[PDB]
Amino acid sequence: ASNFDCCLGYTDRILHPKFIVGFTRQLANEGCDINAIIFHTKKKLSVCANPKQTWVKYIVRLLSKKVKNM
């Protein structure tokens, strides 16, 4: 069965690293039937980030590339 079921209702904002301290990606083949990026705000709220939007694509690129430089 599906472990979890990703957020079926997304958001329409431009959230930033400015507000993000966490991130959980949801695919349509791991459990959910749809795919939603979960950006965890510094406000303890899970944002249903649309995989459709570039600000999301941008943040998820950085969130996948946490290379330890500093």
# chains A, B, ... in the order shown; residues from 1 in each chain; ligands from 1
>>> residues_around(residues="residue A:52", least_positions_apart="4", cutoff="12 Å", atoms="only C-alpha atoms", output="PyMOL selection string")
chain A and resi 10-13+35-37+48+56-58+60
>>> select_by_dssp(residues="chain A", states="alpha helix (DSSP H)", output="number ranges by chain")
A: 54-64
>>> residues_around(residues="residue A:26", least_positions_apart="6", cutoff="9 Å", atoms="only C-alpha atoms", output="count of residues only")
10
>>> select_by_dssp(residues="chain A", states="strand (DSSP E or B)", output="list in words")
residues 20, 21, 22, 23, 24, 25, 26, 36, 37, 38, 39, 40, 41, 46, 47, 48 and 49 of chain A
>>> atom_distance(atom1="atom CA of residue A:24", atom2="atom CA of residue A:46")
9.0 Å
>>> closest_residue(among="A:1, A:29, A:9, A:14", to="residue A:55", atoms="only C-alpha atoms")
A:14
>>> atom_distance(atom1="atom CA of residue A:3", atom2="atom CA of residue A:25")
13.5 Å
>>> atom_distance(atom1="atom CA of residue A:54", atom2="atom CA of residue A:16")
11.3 Å
>>> residues_around(residues="residue A:19", least_positions_apart="4", cutoff="7 Å", atoms="only C-alpha atoms", output="MDAnalysis selection string")
chainID A and resid 15 41:42
>>> write_last_selection(atoms="N, CA, C and O atoms", output="PDB file, in the first residue's frame")
ATOM      1  N   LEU A  15       7.673  31.231  -1.673  1.00  0.00           N
ATOM      2  CA  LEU A  15       8.406  31.018  -0.433  1.00  0.00           C
ATOM      3  C   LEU A  15       9.888  30.948  -0.743  1.00  0.00           C
ATOM      4  O   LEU A  15      10.280  30.728  -1.884  1.00  0.00           O
ATOM      5  N   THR A  41       8.378  25.258   6.830  1.00  0.00           N
ATOM      6  CA  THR A  41       8.685  26.629   7.190  1.00  0.00           C
ATOM      7  C   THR A  41       9.259  26.725   8.591  1.00  0.00           C
ATOM      8  O   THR A  41       9.089  25.820   9.413  1.00  0.00           O
ATOM      9  N   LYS A  42       9.932  27.838   8.860  1.00  0.00           N
ATOM     10  CA  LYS A  42      10.423  28.145  10.195  1.00  0.00           C
ATOM     11  C   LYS A  42       9.246  28.511  11.100  1.00  0.00           C
ATOM     12  O   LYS A  42       9.422  28.921  12.247  1.00  0.00           O
TER      13      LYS A  42
END
>>> closest_residue(among="A:61, A:53, A:67, A:8", to="residue A:28", atoms="only C-alpha atoms")
A:8
